[PDB]
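Report on the following structure.
Here the Cβ positions follow ideal geometry from the backbone for every residue, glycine too, while neighbour counts run over all protein chains shown. Read-outs: derived from the displayed coordinates by stated rules, not from any lab.
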Amino acid sequence: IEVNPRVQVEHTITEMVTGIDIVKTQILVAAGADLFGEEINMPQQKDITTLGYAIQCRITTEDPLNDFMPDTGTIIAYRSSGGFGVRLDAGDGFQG
Amino acid sequence: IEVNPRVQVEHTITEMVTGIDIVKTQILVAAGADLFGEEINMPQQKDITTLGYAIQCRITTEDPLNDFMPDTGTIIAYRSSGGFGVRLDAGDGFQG
Amino acid sequence: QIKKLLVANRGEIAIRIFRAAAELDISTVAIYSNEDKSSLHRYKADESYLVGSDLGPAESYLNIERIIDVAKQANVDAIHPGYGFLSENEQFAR
């Protein structure tokens, strides 16, 4: 279909099952480092396998009452989760 | 040396490398469910490996510059940190 | 061989980059616009500079020449584009 020549939003989902950090590795490739080197610690092609399953959801300000359209306003209350399995790469929603 | 007949504080560290929720498994064992069954879905003996490595420590109020005595009072400022691979488990630390 | 890094993006992706770069013991640089004067990514980096004080808050992130002006005036030797701005832009990399 096409090629996305960068990191996508849904990148996190793969990192959790593979174990390998995508964003980190990106910077490491810029320095001129080898993949299976001591700095990236990337496993070999038949050494990379998936562990369990992973699911991602993006938390925007869209809703079926305004048919998936954003809104303006101060975020009065922000309640976040965390814990095992749950991965949080946050950025936009907080105190208010 | 000895046997700990319950969960430990450091249980989290093993959860991240195996991919198994101990706490959730633990509850399902009390319900009379089988780990090789519908409820738990735990992989057989030799199917389990360790995906990479994990480290744990606890953030306490024991002052290192003063004989490790827990300093008590009221916390004014608190800021945590998410990020991929980083699991938080907050006890008493909040902004007040 | 990278000393410090700039993120040509905003929001969740920027914060993700700063965390990765700081783990590699690499100094971090962030840019913001008129309406992102109080976006979270502004604070999570070591250095934060305003881009396009005159240009609009939407166009500000998509200004090839001005983002370079910040990187130059800060000793930045590496820029991470992130996604969905100048990430697929050819003349930015050139």
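Some points to look at:
- For segment C:46-94, residues that are more than 20 Å from A:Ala30 (Cα to Cα), within 14 Å of chain A (Cβ to nearest Cβ) and hydrophobic (A, V, I, L, M, F, W, C) total 1.
- Out of A:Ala54, A:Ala90, one residue alone is aliphatic (A, V, I, L, M), within 15 Å of the chain's Cα centre (by Cα) and either away from chain C (no Cβ under 14 Å) or over 20 Å from B:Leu88 (Cα atoms) (or both). It is A:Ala54.
- B:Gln56 being within 20 Å of B:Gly85 (Cβ to Cβ) and touching a residue at least 12 places away in the same chain (Cβ under 8 Å): yes
- The selection criterion, being over 30 Å from A:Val23 (Cα atoms) and among the aromatic types (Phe, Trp, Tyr), does not hold for B:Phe84.
- Hits in segment C:31-47 - residues which are in contact with an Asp or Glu (Cβ under 9 Å, 6 or more places away or on another chain) and either farther than 14 Å from A:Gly91 by Cα or touching a residue at least 40 places away in the same chain (Cβ under 8 Å) (or both): C:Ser33
- Restricting segment A:11-42 to residues that are part of a helix (DSSP H, G or I) and more than 10 Å from chain C (Cβ to nearest Cβ), the residue that is surrounded by the fewest Cβ atoms within 10 Å (Cβ to Cβ) is A:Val29.
- Residues in segment B:57-68 that are surrounded by 11 or more Cβ atoms within 10 Å (Cβ to Cβ) and under 22 Å from the mean Cα position of the chain (by Cα) were compared, and the one that is farthest from the other protein chains (Cβ to nearest Cβ) is B:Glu62.
Residue by residue, here is whether (1) touching a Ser or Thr at 6+ places or on another chain (Cβ under 9 Å); (2) surrounded by fewer than 20 Cβ atoms within 10 Å (Cβ to Cβ); (3) more than 28 Å from A:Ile75 (Cβ to Cβ) holds:
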| residue | (1), (2), (3) |
| --- | --- |
| C:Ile15 | no, no, no |
| C:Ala21 | yes, no, no |
| C:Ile31 | yes, no, no |
| C:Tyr49 | no, yes, no |
| C:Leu55 | yes, yes, no |
| C:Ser60 | yes, no, no |
| C:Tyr83 | no, yes, no |
| C:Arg94 | no, yes, yes |
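- Every condition in (1) among the polar types (S, T, N, Q); (2) surrounded by 12 or more Cβ atoms within 10 Å (Cβ to Cβ); (3) closer than 27 Å to A:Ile48 by Cα holds for B:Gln45 except the one numbered (2).
- Taking each residue of segment C:7-21 that is free of Cβ contacts under 8 Å to residues at least 40 places away in the same chain and more than 7 Å from every other protein chain (Cβ to nearest Cβ) and looking for partners that are of a type outside the set (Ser, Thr, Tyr) and outside any strand (DSSP E or B) with beta-carbon atoms closer than 9 Å, six or more apart or interchain, yields C:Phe18/C:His41; C:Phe18/C:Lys44; C:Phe18/C:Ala45; C:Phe18/C:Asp46.
- The residue that is surrounded by the fewest Cβ atoms within 10 Å (Cβ to Cβ), counting only those in segment B:1-10 that are closer than 22 Å to A:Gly83 by Cα and of a type outside the set (A, V, I, L, M), is B:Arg6.
- Of residues in segment A:69-87 being touching a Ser or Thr at 6+ places or on another chain (Cβ under 8 Å) and more than 30 Å from B:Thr14 (Cβ to Cβ), the one nearest to the other protein chains (Cβ to nearest Cβ): A:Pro70
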